[PDB]
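J.: this one's a deposited entry, sequence included:
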Amino acid sequence: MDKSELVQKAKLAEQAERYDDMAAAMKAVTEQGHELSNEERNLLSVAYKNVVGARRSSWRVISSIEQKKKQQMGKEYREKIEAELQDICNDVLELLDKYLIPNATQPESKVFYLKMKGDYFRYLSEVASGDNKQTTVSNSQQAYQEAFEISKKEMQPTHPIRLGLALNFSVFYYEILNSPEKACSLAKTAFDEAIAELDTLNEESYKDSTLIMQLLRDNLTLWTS
Amino acid sequence: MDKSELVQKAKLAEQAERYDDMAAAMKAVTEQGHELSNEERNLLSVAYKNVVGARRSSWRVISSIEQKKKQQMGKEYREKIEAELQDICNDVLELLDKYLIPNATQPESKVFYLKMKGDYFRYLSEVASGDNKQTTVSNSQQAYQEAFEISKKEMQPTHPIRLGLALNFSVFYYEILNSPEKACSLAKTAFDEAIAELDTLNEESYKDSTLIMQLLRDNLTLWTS
Amino acid sequence: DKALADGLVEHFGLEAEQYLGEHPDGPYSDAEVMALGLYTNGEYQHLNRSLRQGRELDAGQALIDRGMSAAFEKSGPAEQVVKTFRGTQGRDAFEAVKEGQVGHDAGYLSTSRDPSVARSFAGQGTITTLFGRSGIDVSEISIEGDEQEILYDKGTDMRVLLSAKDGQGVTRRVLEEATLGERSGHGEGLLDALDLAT
Amino acid sequence: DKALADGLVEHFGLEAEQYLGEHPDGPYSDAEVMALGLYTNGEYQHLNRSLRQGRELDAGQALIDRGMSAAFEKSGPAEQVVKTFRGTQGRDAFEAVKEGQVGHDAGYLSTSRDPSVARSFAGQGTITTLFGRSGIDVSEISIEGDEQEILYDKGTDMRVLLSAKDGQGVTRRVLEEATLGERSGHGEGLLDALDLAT
Ligand SMILES: O=C(O)CCc1nc2sc3c(c2c(=O)[nH]1)CCC3
Ligand SMILES: O=C(O)CCc1nc2sc3c(c2c(=O)[nH]1)CCC3
C-alpha cells in the first residue's frame, strides 16, 4: 500500500463511520516510519479518539448502573470493556513512543503528541487498579507538564494546541487527582496569559482558539460554585 | 447462563450502545429452543436491526462515492462490507428458520418474524450478484406474501404488525423489484382497508399505528410525483 | 348551589325535570344532572352554534354552559384511555391543525363510542375518532338512539395524529387529548422492533 | 458627484482640502477622500456620538456620513481576514450581546491594527479585537499617531466570539463580521483532533 492509498482508505472509514477500520488504517501510515503531516496527524487522533470515546461512553454507563440482585456478571461485563480500553491506549502509546514522539521534527506537533500521550495515560488511569493505577498517572503528568514548558516557552499563548493542552491538564487534576486546587490554579494562569495577549491570535484559527477559552471560563466558575 | 440472566446482559449492550454484543446476546436466548416473549422478541429485532442498519448506512455511502483515479480498492473495501451483511442476514435467517419460525405458537408473532425474514431476504438482495441476486428475492416475496394473507385473513387492519408489513412490502417493490406499479398498488389497498375501519384501533397502540399510516400516505403521493 | 338547580326549573320546567333521579351513584349534583341532560340531546346544537362564532349566549344556555363546565373539574378524569367517535356535515375545527400538533375547539365535544352513530350523525362529511379520559360518561342520563355518549370540555386541546381523506371523500381523522401526548399509547418498543424505510 | 465634493469645500474649506491628493491609486472619488479623512481623525467623535443616541445630524456631519457610507459599497471587500483592534472608556455596544450571537453598532467602527493604540485609545475600559474585510483601509489618508486604521460600516453585525473580564477588570473581547461565520477561521479539523472534556 502506497503512503497515499491509505489516505483514501482512511478517509473512507471516517465517512463510513467505521472507525475501528480507521484505527488500523491510520495505524499503518505511522508504521511507515516517516513523519505525517497535520492532515494525517488530525485524522489518526480523530480516529482513535472516536473509538476510545465510544468505549468510554459505553463503559461510563455500566459504572453508573452497578453503583445505582446480582451485579457481579455486570462488573464481569464492565471488565471486558476495561480490557478493551487498556488494550487500546497502551497500543497507541507505543505508536506514540515508536514512530510519533521521535519523528516530531516540527515544534508544533512536539506538543500535540505529548498532550495526546498524556491523555491516553489519563484515559487508562480510570479503569486501572493497584499496579497500573499509580504507574499510569506517573507518566501522565510526566508527558503533560513535559509538553507544557514547550507550550510555555516556545508556543504562543493564544495557540490552539497550547490552550487545549491546558484544558485537558486542568481536567486531569479535577478528574484523576481529584485536586481542584491546582486544576483551577493551572487554568486561570493559562487563561490569564491568553487574554493579556490578544494580538497573539492567528487568523487561520482565530475562531478555533476562542472556543477553547470559552471552555476554561466555564470550568473555573463551575469548579468554584 | 439462565434464561433471565441474559435479559439483563442484553439490556446492557443496548444502553451501552454495544449492539454487536447485543447480537450474540439475544442470539443465545433464542438458541435456548424455547419461545420468547414480545419483550425479548422486540429486543432481538432492535439488536440485529441497529447492527445491520449500521453496516447498511456504512455500505450505502461507499456505493455513492465510487459512482460519484483508482477506485478498485474502494470497491474492494465495499466488498468486505458486503461480506459483513451477507454473513449477518443468512446467520439470522437460520435463527429465524430454526428456533423462531416453528416456535411461533402465538398468531401475532407469526407475522412479525415472517415480515422480518423477508426483510433480511430484502436486505441481502441489494449486495448480491447473480447466483444469490435472483435466489434471495424468491424467498423474499415468498415470506412476505406468506405473512400477508395471515395479516389479511387473521390480523386486524389497523394493527401495528400488519400495517408495518405492508410498508416494508411496498418499499420492497419500489426498491428491489423497482416496480412502483404494484408497490403503490399494495399500499393504497392496505391504507384504504385501514381508514374504513377506525373502530379497529387498540388503545394500547392507537398512536403507534397512526404513525405507520402517516408514512404510507407519504409514500403513495411521493411515488406519484 | 340549589339556586342554579332552580335556574333550570325557572326556565325549562318539565323539560329540565325530565332528568333528575337518573343517578344510581351521584358524583354530580342535582343541577349537574339536568344541565348535562339538557345539552346531550337535544338542546345543545345551538349551545355550540353560539359558542362557536363567538356569539352571545341565551338566557337558558348561559345557565347550562356554566353548570356544564363546572361539573368537569367535579367529574374528570379516570381511569384509562377511551375510544369515542364523532362525525359531521363537513367543516370540523381540526381541519386547520397541522398533523402532529395540538388544537382545541371553541364549543364542546359531544361524542359516541358506537361506530354506527359515528357513520354518521348529520352528516357524513368529516368523521373522527377520539382518545382521552376528561370526558363525562353520560351514557346513562341521555342515551337517545342508544348512543352511549362521553362528552369532553371545550377549550380542551386535541392532537391530530392523522388526517386523510377517503376514496369517496369522507375525511376520517384521529385525535388525542393534549395532556396525554408523548408515549401515551405506544407498544413498548414494538415500533423500534419493526424496522422500516422512512 | 462633484456637488458633494463641493459640499465640504463649502463648509470646511482648508480643513476639507487637507486631504485630496492623498491617493496614489484612486478606488475612491475626490469627495470620498476628504470625507473619510474628516472622520478618521479627528472630526468623528461627534459623528458617532450623534449617530448613537439616535440624535439628529449637523449640517457638515450629514454631508460626511452620506459620503462615507457611499464609499463602502464602492470599497469593500477583499481580500482575506484582517486583525483590527479597538479600546474604549467603558460601555461598548456589544456588552448586551449573548456570547456566540451577532450584533451591530449604531454608529461606525473605527479601529486600528496596532496593539499599542489598542491599549488604549481613551480609555482602557473595554478593549476589543476584530476580524473582517469590509473595512476601509485608510492607513494612508489619516494616520495620526501612526495608527494604520481600517474602518468598517455602521449597522455591520459582529459575532461576539468571546467576552471575559481582566484581572484588573479591563473587558477584553473578540468579534467577527456577520458575513464570515460558521467555519471562517477554523483549523481544518485541528479542533476535532485535540480531544477534550466539555
Ligand atoms: O354541534 C356540535 O357540537 C358537533 C356536532 C356533533 N354533535 C354530536 S352529539 C353526539 C354526537 C355528535 C357528533 O358526532 N357531532 C355523537 C354521539 C352524540
Ligand atoms: O467613538 C467611537 O466611535 C468609538 C471610540 C473609538 N474611536 C476610535 S478612532 C480610532 C480608534 C478608535 C477606538 O478604538 N475607539 C482606534 C484607531 C483609530
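T.: Thanks, I have it. Residues are numbered from 1 along each chain as shown, chains lettered A, B, ... in the order given. Ligands and ions are numbered 1, 2, ... in the order given.

J.: only C-alpha atoms for contact and neighbour calcs from this point on.
T.: Noted.

J.: and the longest helix seen in chain C with ligand 1, contact?
T.: Ranked by residue count, the top helix of chain C under DSSP state H comes out as helix C:59-75. No: contact of helix C:59-75 with ligand 1 (CA under 6 Å from any ligand atom) is absent, the minimum separation being 12.8 Å.

J.: tell me which residues of that helix are tucked away?
T.: C:61, C:63-65, C:67-69, C:71-72 (16 or more other CA atoms under 10 Å in any protein chain shown).

J.: distance to residue A:40 for these - can I get that in JSON lines?
T.: Converted to JSON lines, the buried residues of helix C:59-75 look like this (distance: CA to CA, whole Å):
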{"residue": "C:61", "distance to residue A:40": "79"}
{"residue": "C:63", "distance to residue A:40": "80"}
{"residue": "C:64", "distance to residue A:40": "78"}
{"residue": "C:65", "distance to residue A:40": "74"}
{"residue": "C:67", "distance to residue A:40": "76"}
{"residue": "C:68", "distance to residue A:40": "73"}
{"residue": "C:69", "distance to residue A:40": "70"}
{"residue": "C:71", "distance to residue A:40": "72"}
{"residue": "C:72", "distance to residue A:40": "68"}
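
J.: in chain C, what residue lies closest to chain A?
T.: residue C:197 (19.5 Å; CA to the nearest CA).

J.: tell me the contacts of that residue?
T.: Residues near residue C:197 by CA atoms under 8 Å, 6 or more residues apart in numbering or on different chains: B:167-168, B:171.

J.: nearest to ligand 1, of those?
T.: In terms of CA to the nearest ligand atom, no member of these lies closer to ligand 1 than residue B:167, at 31.7 Å.

J.: return the alpha-carbon coordinates of stretch C:130-145 using CSV.
T.: Extracted C-alpha coordinates of stretch C:130-145, given in CSV (Å, rounded to 0.1, in the frame of the first residue of the first chain):
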residue,chain,number,x,y,z
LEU,C,130,-61.0,10.4,19.8
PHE,C,131,-59.0,9.2,22.9
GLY,C,132,-58.9,10.5,26.4
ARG,C,133,-60.4,10.5,29.9
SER,C,134,-61.6,14.0,30.7
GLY,C,135,-65.0,13.1,29.2
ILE,C,136,-68.3,12.9,31.1
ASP,C,137,-69.7,9.4,30.8
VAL,C,138,-73.3,10.5,30.3
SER,C,139,-74.1,7.0,28.9
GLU,C,140,-77.0,6.9,31.5
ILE,C,141,-78.6,10.3,31.5
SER,C,142,-79.4,10.7,27.8
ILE,C,143,-78.8,7.8,25.5
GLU,C,144,-81.2,8.8,22.7
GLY,C,145,-80.8,6.2,19.9
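
J.: hmm, who's touching that stretch?
T.: With contacts defined as CA under 8 Å, 6+ apart, stretch C:130-145 is touched by C:19, C:22-23, C:33, C:36-37, C:40-41, C:72, C:75-86, C:147-153, C:174-177, C:180.

J.: list the contacts for residue C:153?
T.: With CA under 8 Å, 6+ apart, residue C:153 has these contacts: C:69, C:72, C:108-109, C:134-135.

J.: roughly how far does it sit from residue C:174?
T.: The gap separating residue C:153 from residue C:174 is 18 Å, by CA to CA, to the nearest Å.

J.: quick revisit: and which of the contacts of residue C:197 is nearest chain A?
T.: When the contacts of residue C:197 are ranked by distance to chain A (CA to the nearest CA), residue B:171 comes first, at 24.0 Å.

J.: quick one: neighbours of the closest one, just the number.
T.: Residues lying near residue B:171 (other CA atoms under 10 Å in any protein chain shown) number 24.

J.: same deal with residue C:18?
T.: 15.

J.: ok, the residue lying closest to it once chain neighbours are set aside - contacts?
T.: Using CA to CA, 6 or more residues apart in numbering or on different chains and skipping residues adjacent in sequence, the residue nearest residue C:18 is residue C:34, 7.6 Å away. By CA under 8 Å, 6+ apart, residue C:34 lies in contact with C:5, C:8, C:16-20.
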